[PDB]
Amino acid sequence: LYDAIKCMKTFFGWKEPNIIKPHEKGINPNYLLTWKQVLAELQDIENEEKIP
Amino acid sequence: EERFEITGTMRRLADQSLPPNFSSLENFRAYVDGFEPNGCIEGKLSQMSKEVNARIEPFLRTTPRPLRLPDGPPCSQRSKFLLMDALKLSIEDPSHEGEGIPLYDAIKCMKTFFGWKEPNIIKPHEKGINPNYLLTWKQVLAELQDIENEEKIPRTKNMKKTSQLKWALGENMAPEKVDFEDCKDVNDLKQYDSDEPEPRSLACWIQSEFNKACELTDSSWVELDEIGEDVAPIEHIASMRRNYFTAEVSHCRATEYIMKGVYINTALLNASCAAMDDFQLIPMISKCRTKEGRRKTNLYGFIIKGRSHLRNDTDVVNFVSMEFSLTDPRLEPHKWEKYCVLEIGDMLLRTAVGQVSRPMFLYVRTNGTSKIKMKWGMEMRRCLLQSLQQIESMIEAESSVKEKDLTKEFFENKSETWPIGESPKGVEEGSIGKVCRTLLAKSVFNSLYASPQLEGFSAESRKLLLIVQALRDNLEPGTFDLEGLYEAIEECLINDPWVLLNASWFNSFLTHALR
Amino acid sequence: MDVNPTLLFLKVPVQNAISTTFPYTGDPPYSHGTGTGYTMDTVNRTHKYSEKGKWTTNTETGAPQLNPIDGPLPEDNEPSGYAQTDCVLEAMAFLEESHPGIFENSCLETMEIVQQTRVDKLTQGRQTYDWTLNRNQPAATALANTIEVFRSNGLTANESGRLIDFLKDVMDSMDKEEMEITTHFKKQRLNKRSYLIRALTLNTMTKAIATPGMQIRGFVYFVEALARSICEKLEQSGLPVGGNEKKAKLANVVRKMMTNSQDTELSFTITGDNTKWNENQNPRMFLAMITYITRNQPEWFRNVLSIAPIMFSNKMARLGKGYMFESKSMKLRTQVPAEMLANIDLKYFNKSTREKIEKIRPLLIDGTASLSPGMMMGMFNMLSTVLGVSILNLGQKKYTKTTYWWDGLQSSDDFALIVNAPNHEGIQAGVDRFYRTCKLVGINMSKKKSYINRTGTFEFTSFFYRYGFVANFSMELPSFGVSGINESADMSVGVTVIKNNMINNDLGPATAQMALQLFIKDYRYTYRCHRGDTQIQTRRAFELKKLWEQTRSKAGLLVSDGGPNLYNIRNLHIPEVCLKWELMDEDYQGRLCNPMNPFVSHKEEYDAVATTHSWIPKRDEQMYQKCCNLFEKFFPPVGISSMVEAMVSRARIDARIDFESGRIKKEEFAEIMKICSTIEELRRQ
Amino acid sequence: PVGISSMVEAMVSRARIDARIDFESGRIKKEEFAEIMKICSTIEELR
Amino acid sequence: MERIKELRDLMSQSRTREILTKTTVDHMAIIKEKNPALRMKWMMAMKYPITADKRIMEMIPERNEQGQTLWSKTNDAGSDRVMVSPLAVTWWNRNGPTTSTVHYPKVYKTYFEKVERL
Ligand SMILES: [Mg+2]
């Protein structure tokens, strides 16, 4: 988990994410929300009193 | 029309607040109003005794004796943390830059050492329960492994309030406040005996400690921020002075001590106000860039904090201080009066001339501090400014006589020309660089061993120095009560190892200064 | 090689590296020496120097009072309080002769002041003794309390505004037999005698030896105000002139005594320091000075100025809080106050403390020690300087009437004296004549502290003169760190603090550059606002780098927006926003200063532009109250003990007292002791 | 629930806490609070 | 009997347990930092130390591109102000609205005149 967060913190080039080539047979807005949720929940660990 | 009146209670005080013979402010007022001078001074001069004089004992190359330093058992180390004896477990932490978490930085350091022995006591604290100091160290090692049991990892650790910790941190050793309405008559009740602090003799270690403070290291201990591009002539001269000095002080041990000062006192104050009534474990951390230049974290040991319900700046926080060292405490035991030292493991150094196993010790002691004394340690970087200003002020002064700035000559002069030390032969000289580090060490020790005894000895000795300077200037110097000055200087020399070395340093100068 | 910094002085002269003899440069963490034992030594030594003088009993106070002045001339070199009225006035007469109009003119200036001066002024100052609540307090709070009593008692003249009217109330307060204060909690009642003690009190603190009451302080101002206008008109006075303006005065007095001086004439400077300055010179002497200055002047002006010396000649010194005791076995400690130090036994104390109490007890009246002679430190600094200068003044060729003459510089107790004469014996004579003329007005040069050398080097107020140069170094460096207001302010403050220390405190440039570096370092760490190009990780790292990339002219960015530090010696007076104003991108500046922003507070001595950085920081309930309510079921305890082990300890006590008297059975006593051991096994782990 | 405590005395301890919090806020009556405290003492007498 | 059985119940809940072993008898009256320099350093450590008007929530987004929370719907003292991270101030200074800043050299003329002499 931390090996990942440490890697993530080496990149300071994140754009406002937009869809470039969608899944024809799928709900594309859900794929965007999931990525935003990852980014979100990763920062929420640095909110927790004790780190999981 | 402004109108101010002296009557009643005030007039009776006015009439009683005069010279003797005068019984009335208005009577006196009239004496002064119509006073005219009649050689009253010139008269009372001739009336006065000739034994009342300011006869000038002339100060000759022969008149000044060496200061008398007190006799007694050898002086003890009273610094918060170890200085030259200190030992550190280091990790290289490159990818993660900037403020991290100290607790984990420590655990990461701890895991670089796999040489922990069954800890046994090597030199005990005469005035202490030594088995408690051993149990506390075992408890640290124990509670550190217990974090790797917890489902969620904690930001800081709070030690379990055991007997040995409750003891060491002085829990329930504060005596009870008794209204004098209740304890009116008690037949063994004597005042807070401010005892004559038993005199101590100057031991060698204090000089050793300072010698090691003036040395360079393989580690930049200070990384100072950018500054506006230089424009005005002063700005170009300024930056030259600063950079030259900043260069020679960069890697000086004294600057490691400054960082040890800041980090520890910072971390101790943050804990003292955050976890007030918890026994928080507080890792003793510093950071440096290596001689090749990678960010390196250092763990010197641990401090466990007591209860810190701090109301005033004088209010006390008791703490235990477990510090790693390679130095055997049986070599200079007189130093480690206040410490109970354990032997807690073996280090291995496979050097060019073979394998060298050395034992690792743990200088544990009870201790305390206040917001004021913590702040003091947090602001220890001022030692850099104090050190630079001395260097800057000398150059400014030595340049005045010639009228041209000597900044470049001083620093570029690759000949060792400044008398800064002594050896069996006599006074040995050094580089301007050695002077910078020496003056820094002085400012740092002046902070670390800060005492009123120092304040006094600094102030009174200054006079004797300036007198001696006048003797060297052939300015026919004279004193009024030279024996009185010495008594005032020597009155400050009791037991403080730092003030005692400074007095040894004086006697050392005074011999060479008269030749 | 053993490193010894003092061996520098073999190469460098002591005046050049005098900077290295000042150990701290900043306030150290102790400043010890203001105990109750320390106050009683001042009271004793003050009387001991003045001990042959006339003892009186005060009519109003009922206090033993010593008057050493017009007393017996000294026959030893120990400190004498025995001043001589005829001598003081003569010194003050010959001053007004040597500086014609000085007093008359300086009175006219001060008559302008005394009217215009406002009560507001009195709030500025250190610790004060608040007689309202019998404590030390802040200055502004001590006045609010005092006017609240003066409001309650018929003394409403203070509410006119001017200070002279507040005094008029302080005067009328002494005559009143009752003194009542509504202390919101209780009407509080003081008889005329007990009030008077507190109005004339000096009280010791833990922040000077002792601070004075609010009644006495008012007058002390107007006196020092007069003493200022005098000092201002005297060349020799080293007060109250500025930093570099003073270094001049050192150069002047040497240049005066060294250009006249021919081949034959010797010149010696004595590095002066007067011993026990405050304990010797007597309030009655200051009254004698003031009344001679204010001759041919209106009575109202004469009076207000006379009041301060009068109070100081009748004053009482309270002995702090008291002595702290300690029982070894019993494990007690108890604080006996000052009030009940008179009505207390002498056999409990040690050998050093007994004698100190046995000497002062004759002076002890209502828990305060009577102190008619001497003063408390730094009170009449400027007036005491006039007296000092008046003795320097008597060193002119005319007043000496001899081949020796003298001049120099004086500021309170510190002085510097240059004596010229055709031969050595002449110098020795000139010195003695100064030393003895000084004794006649209660000025005792310290033989210990003082020394003498050929003119060319000396010290005065820690300015170390050496052949025309005085060494340049700041003796008190301020907190270089963050101020804790917000990003916007702290920058301005921090940069201002350095500039001010350069202009006032004589701080060198190279040191100021490093001072600036250490501030910026602290600033960026505190506010997580490390430069945009750096790799350091914080929460802000991302935002600041995104802004750094966006921004064209980066020298525009403020340090709090990851910009570069553009400050240096020259800039330090400019606010950062102004400094970088031209270099800012149009849109950046557009946002930085847009006052529709949600951060600034109300849409609108440090100088700061209002930006988004001008922000304002911030200042279960059932489960905390549930534990506190169960504690009430145990106590409808021991202070240091925790909640659970003061609950489990009360349970076993009620368990074994209800088992004896027979309230609970053997079954209900065994159940409590069982449960009391289940709670203790949850605590340990 | 506390780590060292067994299953039954971390179950019987949670019951009395919810019993006295639902009695204050007024969720269960005096009859349904007395019934929980009675059953909570039948479980403790089996231990 | 009932009060000592109740103390065992509260020591089985590990949150009520850590209010009984920490808190002292002296420091129960406080349940019922003069130096601002630390107080600031202390607060800057927190997620949301800065206060602002509720309109911020309409003006700047809750999270940035990297998913960092810029403000929180928290209780402030006397009114409907909310708590904000120093990220938000930087966010505003890089994505905020641009008004015309011609009047600031003229409003702060007293300050700006120190630059004209240099
Ligand atoms: Mg002097």
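You'll find the structure just up there.
A brief look at the structure comes next.

Glancing now at the overall build of chain E. Across its full length, chain E holds seven helices and three strands. N-terminal to C-terminal, the α/β element order of chain E is α-α-α-β-α-β-β-α-α-α. For 118 residues, the compact-globule estimate of 2.2 N^0.38 gives 13 Å, and the C-alpha radius of gyration of chain E, at 24 Å, exceeds that figure by more than 25%. By principal-axis analysis of the C-alpha atoms, chain E measures approximately 80 × 35 × 25 Å. In chain E, which comprises 118 residues, the share counted as buried stands at 50%. Taken as a whole, chain E presents about 6100 Å² of accessible surface, with 51% of it coming from carbon and sulfur.

A separate point is the pairing of strand β2 (residues 89-92) of chain B. All names here are of chain B. Residues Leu89 and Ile91 of β2 are buried on one face, while the alternating residues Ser90 and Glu92, pointing to the opposite face, are not. Sheet topology places β2 next to strand β9 (residues 295-305); four bridges connect them, and they run antiparallel. Directly across from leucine 89, in β9, lies its bridge partner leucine 299.

Each side of the interface is counted separately: chain C has 166 residues, and chain B has 153 residues. It is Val3, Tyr24 and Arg436 of chain C in chain C that bury the most area against chain B; as a group they hold 5% of the surface buried on that side. At the boundary of chain C with chain B, the tally comes to 13 salt bridges. Close ionic contact of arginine 302 of chain C with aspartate 33 of chain B constitutes a salt bridge, the shortest N to O distance being 2.5 Å. At the boundary of chain C and chain B, one finds 87 residue pairs in polar contact.

Moving on: helix α23 (residues 666-683) of chain C. Residue and element names in this part refer to chain C. In this model α23 runs 27 Å from its N-terminal to its C-terminal C-alpha over 18 residues, within 8% of the 26 Å that 1.5 Å per residue would give. Of all the positions in α23, only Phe669, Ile672, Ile675, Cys676, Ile679 and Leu682 are classed as buried. Down the axis of α23, the smallest arc covering the buried residues is 140°, so these residues share one side. Away from its buried face, by an angle of more than 90 degrees, α23 presents the exposed residues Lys666, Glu667, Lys674 and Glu681.

Rules used in this analysis
Residues numbered from 1 in each chain as written, not as in the entry; some residues may be left out. Chains lettered and ligands numbered in written order. Part of a larger assembly, values for the part shown. Heavy atoms only, no water. Helix = DSSP H or I, 4+ residues; strand = E, 2+ residues; numbered from the N terminus. Rg over C-alpha atoms; globule rule 2.2 N^0.38 Å. Buried < 20%, exposed > 50% of the residue type's maximum accessible area, 1.4 Å probe, protein only. Areas by Shrake-Rupley, 256 points an atom, 1.4 Å probe, with all protein chains shown as cover. Pairing = 2+ DSSP bridges. Contact = heavy atoms within 4.5 Å. Buried area = accessible area lost by both parts, 1.4 Å probe. Salt bridge = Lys/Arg side-chain N within 4 Å of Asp/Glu carboxyl O. Polar contact = N/O pair within 3.5 Å; in protein donor to acceptor, adjacent residues only side chain to side chain. Expected span 1.5 Å × (residues − 1). Arc of directions from axis to C-beta.

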